[PDB]
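What follows is one structure encoded as structure tokens, with my remarks underneath.
One-based numbering along the sequence shown. For ligands, and for the atoms within them, numbers begin at 1 and follow the listed sequence.
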Amino acid sequence: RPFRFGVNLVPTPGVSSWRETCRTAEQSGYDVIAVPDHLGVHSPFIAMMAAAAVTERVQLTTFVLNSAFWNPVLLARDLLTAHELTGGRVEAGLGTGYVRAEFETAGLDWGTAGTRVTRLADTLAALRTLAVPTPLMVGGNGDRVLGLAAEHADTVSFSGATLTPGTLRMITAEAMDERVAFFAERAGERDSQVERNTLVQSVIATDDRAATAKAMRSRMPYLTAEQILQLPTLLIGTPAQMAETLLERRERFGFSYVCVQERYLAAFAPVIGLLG
Ligand SMILES: C[C@H](OP(=O)(O)OC[C@@H](O)[C@@H](O)[C@@H](O)Cn1c2nc(=O)[nH]c(=O)c-2cc2ccc(O)cc21)C(=O)N[C@@H](CCC(=O)N[C@@H](CCC(=O)O)C(=O)O)C(=O)O
């Protein structure tokens with residue numbers, strides 16, 4: 001599938017640069033602006049509308065909603081509105097949620113891993129029954145979550161890290177091979193209709209990839225330097241090397257929808273220039 005590039009921007013209360021940041025993303029060649037769903041961050045659909053008002057080309061996506069924060073019928077109303085009032089520019093990524101303190105602050109039941117995944121399942125089923133027009137993305141690497149992506153999603157987002165719900169660890173390329181294969185087996189005949197996304201956490205410009213990876217073992221001691229050089233959540237080297245890496249990873253994993261974090265917006269833009 002043709003590449004599409006996203007930048008995960010954090011609309012921040014008290015910071016007056018939202019419109020300028022969204023314009024920079026579009027001017028830098030990104031195809032998607034992605035926004036998160038967290039307490040203490042601006043409300044995602046309202047921020048996406050504010051982005052739509054100052055951009056013309058980019059798609060706007062939630063990346064990803066905390067399913068515990070949304071009533072499915074009311075979310076369906078939001079999605080239809082966002083779709084119609086932007087001219088079809090909105091996509092909705094969904095997840096189970098994972099920050100327990102935020103559930104507690106909002107007065108919501110943390111429950112169990114099972115109830116949190118079931119809430120995502122129930123929401124996805126409802127959104128499809130209500131025939132929402134926004135493309136749907138599902139994010140997360142748990143078995144049940146990838147099964148839901150395979151059943152319901154237009155895009156599956158493969159995480160690239162794990163944590164203990166209630167600390168972050170990057171997964172290896174080999175673990176990622178297995179998660180993509182699991183998804184594909186669950187998707188069956190629908191595999192070819194689901195776009196594959198991943199989020200790159202760090203985009204590290206360097207003229208010495210090997211020395212950089214060796215140094216980075218300090219922050220990820222559970223990995224070798226060779227594993228660090230193959231980690232799907234990291235891009236290391238020159239822009240030409242990073243472009244070649246993304247071509248190789250599209251072949252290996254099927255990743256054609258690549259997002260980066262806001263801090264690396266400018267660092268990654270040269271790669272967009274080379275892949276287009
Ligand atoms: C928690 C995570 O599961 P997951 O299925 O990968 O992801 C579930 C949710 O986090 C996920 O669906 C989404 O909500 C997360 N999500 C966001 N969630 C949000 O709430 N807000 C966001 O802005 C957000 C952004 C986002 C972007 C990309 C992406 O891929 C996911 C994103 C995980 O790391 N799972 C581990 C295991 C987790 C676990 O339970 N560990 C044990 C270990 C220790 C023990 O034994 O007790 C535990 O702590 O209980 C695994 O599958 O190996």
Side-chain angles (χ1 to χ4, degrees), residues 6-12 32-48 60-70 75 91-106 108-124 136-172 174-183 186 194-202 222 231-233 253 255 257-264:
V7 58
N8 179 46
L9 304 178
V10 183
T12 304
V32 180
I33 290 171
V35 300
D37 193 16
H38 287 284
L39 301 183
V41 178
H42 275 323
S43 189
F45 289 109
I46 301 170
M48 288 157 67
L60 301 322
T61 193
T62 57
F63 191 69
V64 298
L65 296 184
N66 174 346
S67 283
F69 284 176
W70 303 89
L75 174 62
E91 309 185 17
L94 289 97
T96 67
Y98 73 100
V99 184
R100 173 168 188 165
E102 292 181 45
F103 284 63
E104 283 164 355
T105 295
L108 306 173
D109 198 338
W110 175 244
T112 66
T115 64
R116 292 187 293 279
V117 173
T118 291
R119 186 177 298 280
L120 175 64
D122 286 345
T123 294
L124 292 168
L136 298 186
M137 156 186 281
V138 173
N141 288 342
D143 284 341
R144 282 185 69 203
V145 170
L146 287 174
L148 294 168
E151 185 182 353
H152 290 120
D154 303 295
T155 306
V156 54
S157 180
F158 292 92
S159 155
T162 58
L163 56 89
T164 45
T167 207
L168 220 65
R169 181 186 191 94
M170 301 329 200
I171 75 172
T172 61
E174 283 64 41
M176 186 68 85
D177 286 335
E178 185 281 327
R179 291 287 79 194
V180 170
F182 179 82
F183 166 81
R186 292 298 155 301
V194 184
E195 178 184 42
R196 300 180 183 175
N197 166 278
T198 202
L199 171 62
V200 171
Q201 291 290 331
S202 311
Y222 47 89
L231 281 176
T233 56
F253 303 114
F255 294 161
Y257 177 7
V258 180
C259 291
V260 301
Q261 299 280 30
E262 183 168 5
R263 166 164 176 56
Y264 292 104

Identify, by atom number and element, the atoms of ligand 1 in contact range of [X], meaning under 4.0 Å from any of its heavy atoms.
X      : answer
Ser157 : 30 (O)
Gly142 : 4 (P), 5 (O), 6 (O)
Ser159 : 30 (O)
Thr162 : 34 (O), 53 (O)
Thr164 : 43 (C), 44 (C), 49 (O)
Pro36  : 23 (O)
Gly139 : 11 (C), 12 (O), 13 (C)
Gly95  : 12 (O), 13 (C), 14 (O)

Inset, instruction - Work out whether the distance between some heavy atom of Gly97 and some atom of ligand 1 is less than 4.0 Å. - result: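 True for this residue.
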
Legend entry - Contact check, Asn141 vs ligand 1, heavy-atom distance below 4.0 Å: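 Yes; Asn141 lies near enough to ligand 1 that a heavy-atom distance drops under 4.0 Å.
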
Legend entry - Neighbour count >12 (heavy atoms, 6.0 Å) for atom CD1, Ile46: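 Check fails, neighbour count at 12 or below.
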
Inset, instruction - Classify the side-chain pair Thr61/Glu91 by whether it contains a donor and acceptor separated by less than 3.5 Å. - result: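 No donor-acceptor contact under 3.5 Å links the two side chains.
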
Inset, instruction - Decide whether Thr118 and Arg144 meet the rule of one side-chain donor and one side-chain acceptor closer than 3.5 Å. - result: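 Note: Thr118 and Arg144 side chains meet the donor-acceptor criterion.
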
Inset, instruction - Taking atom 46 (O) of ligand 1 as the reference point, report whether a protein heavy atom occurs under 4.0 Å from it. - result: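 No; the ligand atom in question lacks any protein heavy-atom contact below 4.0 Å.
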
Inset, instruction - Answer yes or no for atom 3 (O) of ligand 1: protein heavy atom present at a distance under 4.0 Å? - result: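 Within 4.0 Å of atom 3 (O) of ligand 1, no protein heavy atoms are found.
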
In the protein, what heavy atom is nearest to [atom], and what distance, to one decimal place, separates them?
atom                    : result
atom 35 (N) of ligand 1 : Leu163 O, 4.4 Å
atom 8 (C) of ligand 1  : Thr96 OG1, 3.4 Å
atom 32 (C) of ligand 1 : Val64 CG2, 3.5 Å
atom 39 (C) of ligand 1 : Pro165 CD, 3.4 Å

Do [X] and [Y] touch side chain to side chain, with heavy atoms closer than 4.5 Å?
X      : Y      : result
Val156 : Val138 : no
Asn141 : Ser159 : yes
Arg186 : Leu146 : no
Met137 : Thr62  : no
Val117 : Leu148 : yes
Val32  : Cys259 : no

Legend entry - Structural part of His38 in contact with ligand 1, heavy atom criterion under 4.0 angstrom: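 Only the side chain of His38 comes within reach of ligand 1.
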
Inset, instruction - Would you kindly check if the NZ (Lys) or CZ (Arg) of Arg179 is within the cone defined by 45 degrees around the ring axis of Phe183 and under 6.0 Å from the six-membered ring centre? - result: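 No cation-pi geometry.
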
Inset, instruction - Please work out which of the three classes, parallel, tilted or perpendicular, describes the rings of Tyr98 and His38, given edges at 30° and 60°. - result: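 Taking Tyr98 first and then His38, their aromatic rings stand perpendicular (interplane angle over 60°).
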
Inset, instruction - Return the orientation label for the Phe103 and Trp110 ring planes: parallel under 30°, perpendicular over 60°, tilted otherwise. - result: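 Rings of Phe103 and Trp110: perpendicular, as their planes differ by over 60°.
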
Legend entry - Option with minimal heavy-atom separation from atom 7 (O) of ligand 1, where the choices are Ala34, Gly140, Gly93: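 Among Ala34, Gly140, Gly93, the closest heavy atom to atom 7 (O) of ligand 1 comes from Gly140.
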
Inset, instruction - Would you mind finding which of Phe63, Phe103, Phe69, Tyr98 brings a heavy atom closest to atom 28 (C) of ligand 1? - result: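 Answer by nearest heavy atom: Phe63.
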
